[PDB]
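Report on the following structure.
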Amino acid sequence: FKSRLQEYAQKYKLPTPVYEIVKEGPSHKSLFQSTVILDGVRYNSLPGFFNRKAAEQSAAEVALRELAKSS
């Protein structure tokens, strides 16, 4: 959520988005999942990521897309 979406939440007077990170699977074949929670609304990233940054970006994309939908 950090960046544009963060500034948006601030302008929307919404509670600071909560970032949670979930890591599962083998130590050599691990998968990352990012969850961004904003005002009770949960934004889950896509599965099948092998990088924390990749999952985080996906989570942000979901939040942004859902924002455009609500826009």
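According to the entry's author numbering, the sequence shown is numbered sequentially starting from 16. A virtual CB, placed ideally from N, CA and C, is assigned to each residue, including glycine.
Exclusion of the five residues before and after residue 76 leaves no residue of its chain whose Cβ lies closer than 6 Å to its Cβ. When the alpha-carbon of residue 66 is set against those of 86, 37, 24, 25, the nearest one is in 37. Residues 33 of the same chain have their beta carbon placed closer than 6 Å to that of residue 52, with the five preceding and five following residues left out of the count. For residue 78 and residue 39, the gap between their C-alpha atoms comes out near 22 Å. Within its own chain, the residues whose Cβ lies closer than 8 Å to the Cβ of residue 30, once the five positions on either side in sequence are excluded, are 24, 53, 54, listed in chain order.
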